[PDB]
Amino acid sequence: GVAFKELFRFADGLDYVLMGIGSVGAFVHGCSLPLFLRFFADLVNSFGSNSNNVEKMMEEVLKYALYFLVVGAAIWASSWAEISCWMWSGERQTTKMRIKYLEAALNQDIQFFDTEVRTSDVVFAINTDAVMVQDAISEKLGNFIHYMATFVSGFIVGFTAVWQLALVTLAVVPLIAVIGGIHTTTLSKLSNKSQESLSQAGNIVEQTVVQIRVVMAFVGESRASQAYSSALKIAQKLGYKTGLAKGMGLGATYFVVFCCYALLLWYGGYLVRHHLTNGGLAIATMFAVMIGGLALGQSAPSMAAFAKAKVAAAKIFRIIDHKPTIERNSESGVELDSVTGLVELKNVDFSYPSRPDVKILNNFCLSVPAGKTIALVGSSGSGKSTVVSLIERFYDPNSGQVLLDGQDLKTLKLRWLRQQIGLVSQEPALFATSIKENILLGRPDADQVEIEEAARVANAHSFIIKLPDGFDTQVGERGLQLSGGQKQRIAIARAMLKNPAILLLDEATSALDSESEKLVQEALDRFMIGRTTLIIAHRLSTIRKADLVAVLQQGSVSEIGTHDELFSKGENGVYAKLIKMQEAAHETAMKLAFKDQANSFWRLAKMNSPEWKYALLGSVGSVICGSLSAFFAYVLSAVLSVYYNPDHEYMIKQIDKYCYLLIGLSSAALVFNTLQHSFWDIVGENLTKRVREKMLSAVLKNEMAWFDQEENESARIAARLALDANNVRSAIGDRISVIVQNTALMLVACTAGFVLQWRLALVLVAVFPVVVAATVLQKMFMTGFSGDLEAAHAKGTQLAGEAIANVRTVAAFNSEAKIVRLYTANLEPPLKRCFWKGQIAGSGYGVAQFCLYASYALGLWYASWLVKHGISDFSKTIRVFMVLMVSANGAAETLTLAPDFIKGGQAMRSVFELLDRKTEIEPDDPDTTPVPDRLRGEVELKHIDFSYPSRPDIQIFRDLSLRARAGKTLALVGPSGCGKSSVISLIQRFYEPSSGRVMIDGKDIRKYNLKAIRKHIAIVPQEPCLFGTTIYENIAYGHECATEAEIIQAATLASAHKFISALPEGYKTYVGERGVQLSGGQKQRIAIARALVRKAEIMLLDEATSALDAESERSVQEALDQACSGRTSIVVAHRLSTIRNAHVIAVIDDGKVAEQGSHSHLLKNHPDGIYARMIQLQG
Ligand SMILES: CC(C)[C@H](C)[C@@H](O)[C@H](O)[C@@H](C)[C@H]1CC[C@H]2[C@@H]3COC(=O)[C@H]4C[C@H](O)[C@H](O)C[C@]4(C)[C@H]3CC[C@]12C
């Protein structure tokens, strides 16, 4: 870290007033409970000692009952000024911190984002590094003066009332403070392994849904519901050891608390007998020391957060004051009257300042004629990506000069130079703002007329009107994700608005289809006229339109000519041979109601009924654990009553008895606290395992189209099965154990209260809920109010994360201050809410603490009123008060019930909607026609019409009639694919045809059950798909009982035995993300070998393109030959040599098949057709 006192470097006039008030109001609040104890110790004394004079009893109890109404008013006005003046004086600082961080973070030169700090590291420093700082100066500095003043004032009132009893308590506190620290560390040692064991076993569902296409293609989907259950037991046996360590950490805290009070009370009963101590002063000292002695554990997080908030604050202050390395505010920058578009480059040598050894630019000399179309054509890595940055002057040249009308770049003003240059990037840059503000970045002062003119030139105003909101259409989280062509058109319109004289087209349409580029190119051509423009094209059509073509080679200009001059030198030149890898880059890449939320509880708690022997031995340990929080507060008051008896002989006999219950029935709290938390952790841990695999057995049952709804992504079913299944643990088992535990407490408190005096046990019950409601707020104060810091600043941070990441586009235009202005204005709406939240949470806590102490001035006065009128006395009216008022601080365990308590039916609806989801394709359909033995295997199709269910508009198949012969070959080929593969999907019944018939040996496939017809199809996916397990169990994923010889045969036939046996481990070699990575030409081999383990009659060899190894294919072709040896093979390929041995070759284009036959039959009727003309396109 940097230092303390450096975090408060953004303070202003109000930040020395809010901290100067929230430090006095938090110090007065801290020293108010150890003073209420002092007042209580004096009220009781003048309430039992003056039994012979009721008259003095009444003016000396009313006074101390009116002091309570002042102690409770000094907390209403002292908790308001602490909770509200600390959450606001941190919000006023951590906002000016973030504004400065962003303003000085995109001011840095682009070298900074590569040489020193990654572009993804900075976005982290706003998400978390600006939250760790705020939480350690707003809410955790105020919880430090409070818990230090409480500790300081916990000894002044203790050692000055009865010092001889305040030392025994000091000799006791460091025992509770050690047991309660060991228990909270043993729990953390076990709460960090369950997550590991649930995320190592929770990746099975992550992997399964990604490759559901091959998981469902084979029947091995029952191998994913038992490799997912046998990996949950690891997190279940470990989930049983958390309950035991939670019960033996609460049965040992009470075993110490009872014993220590079994000695403090005896010593207090010894002091009183010898006349050194009052009756109440021996009680408000044990409490006052233990309150001020345990007030250091709550001061541990406050100092633990002061260390993280400096190692997380040094990074921000590093960037904030770091001066850049280029003189941006260039007052020493020359100016030019009017440019003519003349650019010269002479002897420019440059290298990246990340590996200063390459020579990307060597002895570069190039002249840019004014008003002409100079195009850059070359291979990857031969330049055309550094010269564009150098004219923009992103990196200053290492050695060399660039002349723009005869003056050096290091001599003009940077902001003016970047004003006359128009840059169009290959990705459009849009920020979280409206369409209108996304174009004003070009120039601020433009009116609406010019913007609309530019938009209608940009082929943009056509769909602007079609958009509902028009120019105010908010692009960002909303905005329906407009198309890439439209995205490019907005940026192009922004470029026209700037109206530059020099234009840099760097890969304008390098990643769009021919439809959008058709619209874009003509607009660029209209915007081309009258401008010195340098185009880096990707298609030869624009190069044909280019005036000059200067081809770089190894960073130097090699070939200079035109479109026609360069092509005249034949294939021997680079210009003609560039077509081969130019045109190949296109085809290859292409709400409650008590009836809906009652079934959710009740249907859930019916399948959780094989375990009633464990939910019935947890309602006993919850009753004799709630009957001991009332047999302790009752003894703690029955000792106070006997302190005032004038007969010392009788007083000892009762102190002895009550010191033998707190020692005796302490083992009954040690034992019965390991039956409540150790038997409610078996009921609540087997329900989750049963509900986490009922969903998987249903997610593995939906239709193939259900996974293409764009809501069922890869890691979002895995998130629903891991975040909506951990909230069911706290719904049944963890809430019956709190209702019963607290029902068994108010039945032992209100019995011992009603037996003695029923006129006081009725009044105290009437104001009983306002005591527990006030005490719960005393435990939701330690964690802190206004949590969840990062989600409040989640709308503005999108602008930061999309603006600093696209720093090049931000700095190309001079919009480095017009984004700070947009980022400041999106932080005030949270700043007008975090203040009212602080006021509300301050007032609602102040009033709920005044109304608590106002209820201690109504019981203690009514007792004194009863005593005068001869109804009761001090003995009976002080047990009723103390029992009923301490079994409300002992009744505040409703805070400690894994306090979720509200996700409830909100999370429970998703679980039961997934279970109750129907499937229109039955995976295993009973009452079905029977499946024969080894069949003929003759696939036939009849008038097939088909389209994707997601897009039912484009009918791809239109009366598709095709028949696979009796096991010979049905090679399907054709150009313009992406839809040819639908025959593969139709046969495995992934999708349902719109209209048609699928005959297998002359029979419809809907009459067959789905899980047996798949015992005869062998699928080979195009993309190498091997699961994260060793080689042995990837090949074995195609059968049931695979012997060693069978797998060895499968490996040998696919030519995989040699390589696998050549590996170090052998068949046991581990493959996957966390292991060995192999070559794709071999990963296809393993897939083919897996295919020949089924011994199927129908083989669906999908395309194996995007891989070339002639020696590998020399064996792969014959491996396919015996893979096609008398078996019905429908092969879809791209290379015509692979279909030379095909018996039936079908050409499928424009949705129909017309050219069918073999090599001899097709070349006879179609000697000049597509099948014959595609041939010559390329020992
Ligand atoms: C009814 C009132 C007159 C009475 C003073 C009462 O309000 C009082 O504030 C009660 C609720 C508190 C004050 C101090 C508390 C105790 C604080 O000191 C203790 O010994 C701790 C130790 C341990 O952490 C126990 O879990 C709670 C336990 C044992 C608390 C039990 C409840 C109290 C005794």
# chains A, B, ... in the order shown; residues from 1 in each chain; ligands from 1
>>> residues_around(residues="residue 95 of chain A", least_positions_apart="4", cutoff="10 Å", atoms="only C-alpha atoms", output="JSON, numbers by chain")
{"A": [10, 90, 91, 99, 100, 101, 130, 134, 824, 827, 828, 831]}
>>> closest_atom_pairs(of="segment 130-220 of chain A", to="segment 1024-1029 of chain A", cutoff="9 Å", atoms="only C-alpha atoms", output="Markdown table")
| residue | atom | partner | partner_atom | distance |
| --- | --- | --- | --- | --- |
| A:207 | CA | A:1027 | CA | 7.8 |
| A:208 | CA | A:1027 | CA | 8.9 |
| A:211 | CA | A:1025 | CA | 7.4 |
| A:214 | CA | A:1025 | CA | 8.0 |
>>> write_last_selection(atoms="N, CA, C and O atoms", output="PDB file, in the first residue's frame")
ATOM      1  N   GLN A 207     -19.786 -29.252 -19.417  1.00  0.00           N
ATOM      2  CA  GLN A 207     -19.245 -29.965 -20.568  1.00  0.00           C
ATOM      3  C   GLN A 207     -20.329 -30.702 -21.345  1.00  0.00           C
ATOM      4  O   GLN A 207     -20.237 -30.818 -22.572  1.00  0.00           O
ATOM      5  N   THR A 208     -21.351 -31.210 -20.656  1.00  0.00           N
ATOM      6  CA  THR A 208     -22.358 -32.031 -21.322  1.00  0.00           C
ATOM      7  C   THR A 208     -23.218 -31.203 -22.269  1.00  0.00           C
ATOM      8  O   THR A 208     -23.489 -31.624 -23.399  1.00  0.00           O
ATOM      9  N   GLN A 211     -21.616 -30.188 -25.772  1.00  0.00           N
ATOM     10  CA  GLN A 211     -21.520 -31.237 -26.780  1.00  0.00           C
ATOM     11  C   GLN A 211     -22.728 -32.168 -26.742  1.00  0.00           C
ATOM     12  O   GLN A 211     -22.643 -33.337 -27.116  1.00  0.00           O
ATOM     13  N   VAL A 214     -23.281 -34.579 -29.627  1.00  0.00           N
ATOM     14  CA  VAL A 214     -22.690 -35.910 -29.678  1.00  0.00           C
ATOM     15  C   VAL A 214     -23.118 -36.753 -28.476  1.00  0.00           C
ATOM     16  O   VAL A 214     -23.192 -37.982 -28.577  1.00  0.00           O
TER      17      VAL A 214
END
>>> residues_around(residues="residue 545 of chain A", least_positions_apart="3", cutoff="9 Å", atoms="only C-alpha atoms", output="PyMOL selection string")
chain A and resi 373+540-542+563
>>> write_last_selection(atoms="N, CA, C and O atoms", output="mmCIF file, in the first residue's frame")
data_model
loop_
_atom_site.group_PDB
_atom_site.id
_atom_site.type_symbol
_atom_site.label_atom_id
_atom_site.label_comp_id
_atom_site.auth_asym_id
_atom_site.auth_seq_id
_atom_site.Cartn_x
_atom_site.Cartn_y
_atom_site.Cartn_z
ATOM 1 N N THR A 373 -6.505 7.859 -55.258
ATOM 2 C CA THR A 373 -6.942 6.649 -54.564
ATOM 3 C C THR A 373 -5.755 5.692 -54.489
ATOM 4 O O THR A 373 -5.535 4.878 -55.388
ATOM 5 N N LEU A 540 -10.902 -7.561 -54.521
ATOM 6 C CA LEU A 540 -10.274 -7.011 -55.715
ATOM 7 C C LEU A 540 -11.177 -6.032 -56.455
ATOM 8 O O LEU A 540 -10.690 -5.288 -57.313
ATOM 9 N N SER A 541 -12.476 -6.010 -56.143
ATOM 10 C CA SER A 541 -13.380 -5.083 -56.814
ATOM 11 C C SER A 541 -13.015 -3.631 -56.532
ATOM 12 O O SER A 541 -13.022 -2.803 -57.451
ATOM 13 N N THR A 542 -12.695 -3.302 -55.280
ATOM 14 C CA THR A 542 -12.296 -1.936 -54.954
ATOM 15 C C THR A 542 -10.902 -1.628 -55.488
ATOM 16 O O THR A 542 -10.626 -0.496 -55.903
ATOM 17 N N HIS A 563 -4.219 -1.395 -61.409
ATOM 18 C CA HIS A 563 -4.945 -2.659 -61.463
ATOM 19 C C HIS A 563 -4.582 -3.466 -62.703
ATOM 20 O O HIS A 563 -4.443 -4.692 -62.624
#
>>> residues_near_ligand(ligand="ligand 1", cutoff="6 Å", atoms="only C-alpha atoms and all ligand atoms", output="list in words")
residues 287, 290, 291, 882, 885, 886 and 889 of chain A
>>> select_by_dssp(residues="segment 547-631 of chain A", states="alpha helix (DSSP H)", output="NGL selection string")
:A and (563-567 or 574-587 or 596-607)
>>> residues_around(residues="segment 29-33 of chain A", least_positions_apart="4", cutoff="7 Å", atoms="only C-alpha atoms", output="compact mmCIF listing (two decimals) with N, CA and C atoms, in the first residue's frame")
# COMPACT_ATOMS: atom_id res chain seq x y z
N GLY A 25 -20.97 11.77 16.86
CA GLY A 25 -22.18 10.98 16.99
C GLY A 25 -21.97 9.49 17.07
N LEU A 37 -26.35 0.50 31.47
CA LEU A 37 -26.12 -0.49 32.51
C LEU A 37 -25.87 0.15 33.87
N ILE A 75 -29.62 8.32 21.73
CA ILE A 75 -29.28 7.34 20.71
C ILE A 75 -30.04 7.57 19.41
N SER A 78 -27.97 10.14 17.82
CA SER A 78 -26.57 9.77 17.67
C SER A 78 -26.36 8.59 16.73
N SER A 79 -27.39 7.78 16.46
CA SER A 79 -27.33 6.81 15.38
C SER A 79 -27.77 7.38 14.05
N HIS A 146 -16.74 3.57 17.17
CA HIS A 146 -17.83 3.01 17.96
C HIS A 146 -17.34 1.87 18.86
N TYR A 147 -16.65 0.89 18.28
CA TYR A 147 -16.23 -0.30 19.01
C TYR A 147 -14.95 -0.08 19.81
N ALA A 149 -14.77 3.14 21.56
CA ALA A 149 -15.42 3.83 22.66
C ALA A 149 -16.20 2.87 23.54
N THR A 150 -16.85 1.86 22.94
CA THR A 150 -17.55 0.87 23.75
C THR A 150 -16.58 0.10 24.64
N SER A 153 -15.26 2.56 27.44
CA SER A 153 -16.30 2.85 28.41
C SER A 153 -16.85 1.59 29.07
>>> closest_residue(among="A:205, A:77, A:58, A:248", to="residue 847 of chain A", atoms="only C-alpha atoms")
A:77
>>> closest_atom_pairs(of="segment 515-535 of chain A", to="segment 414-434 of chain A", cutoff="12 Å", atoms="only C-alpha atoms", output="tab-separated table")
residue	atom	partner	partner_atom	distance
A:524	CA	A:424	CA	10.5
A:527	CA	A:422	CA	11.1
A:528	CA	A:422	CA	11.4
A:531	CA	A:422	CA	10.4
A:532	CA	A:421	CA	9.9
A:533	CA	A:422	CA	9.3
A:534	CA	A:423	CA	10.4
A:535	CA	A:424	CA	10.2
>>> write_last_selection(atoms="N, CA, C and O atoms", output="CSV table (one decimal), in the first residue's frame")
chain,number,residue,atom,x,y,z
A,524,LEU,N,-19.2,4.5,-49.5
A,524,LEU,CA,-17.8,4.9,-49.4
A,524,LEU,C,-17.3,5.6,-50.7
A,524,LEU,O,-16.5,6.5,-50.6
A,527,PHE,N,-18.4,9.0,-50.7
A,527,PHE,CA,-17.6,9.7,-49.8
A,527,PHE,C,-16.1,9.8,-50.2
A,527,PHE,O,-15.4,10.5,-49.6
A,528,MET,N,-15.7,8.9,-51.1
A,528,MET,CA,-14.4,8.9,-51.6
A,528,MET,C,-14.0,10.2,-52.4
A,528,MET,O,-12.9,10.7,-52.3
A,531,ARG,N,-11.1,13.5,-52.1
A,531,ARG,CA,-10.4,13.3,-50.8
A,531,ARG,C,-9.2,12.4,-51.0
A,531,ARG,O,-9.2,11.4,-51.8
A,532,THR,N,-8.0,12.8,-50.4
A,532,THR,CA,-6.9,12.0,-50.4
A,532,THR,C,-7.1,10.8,-49.5
A,532,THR,O,-7.1,10.9,-48.3
A,533,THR,N,-7.4,9.6,-50.1
A,533,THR,CA,-7.8,8.5,-49.3
A,533,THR,C,-6.9,7.3,-49.6
A,533,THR,O,-6.4,7.1,-50.7
A,534,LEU,N,-6.6,6.5,-48.5
A,534,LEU,CA,-5.7,5.4,-48.6
A,534,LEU,C,-6.5,4.2,-48.1
A,534,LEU,O,-6.7,4.0,-46.9
A,535,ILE,N,-6.9,3.3,-49.0
A,535,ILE,CA,-7.7,2.2,-48.7
A,535,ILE,C,-6.9,0.9,-48.5
A,535,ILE,O,-6.1,0.6,-49.4
>>> residues_around(residues="residue 805 of chain A", least_positions_apart="6", cutoff="9 Å", atoms="only C-alpha atoms", output="PyMOL selection string")
chain A and resi 119-120+122-123
>>> write_last_selection(atoms="C-alpha atoms", output="compact mmCIF listing (two decimals), in the first residue's frame")
# COMPACT_ATOMS: atom_id res chain seq x y z
CA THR A 119 -6.27 -3.27 -21.27
CA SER A 120 -8.32 -5.65 -19.08
CA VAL A 122 -7.82 -1.19 -15.78
CA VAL A 123 -11.51 -2.19 -16.00
>>> residues_around(residues="residue 243 of chain A", least_positions_apart="2", cutoff="12 Å", atoms="only C-alpha atoms", output="JSON, numbers by chain")
{"A": [186, 187, 190, 191, 236, 237, 238, 239, 240, 241, 245, 246, 247, 248, 249, 250, 673, 674, 675, 676, 677, 678, 679, 680, 681, 682, 683, 684, 685, 734]}
>>> closest_residue(among="A:914, A:624, A:19, A:998", to="residue 697 of chain A", atoms="only C-alpha atoms")
A:914
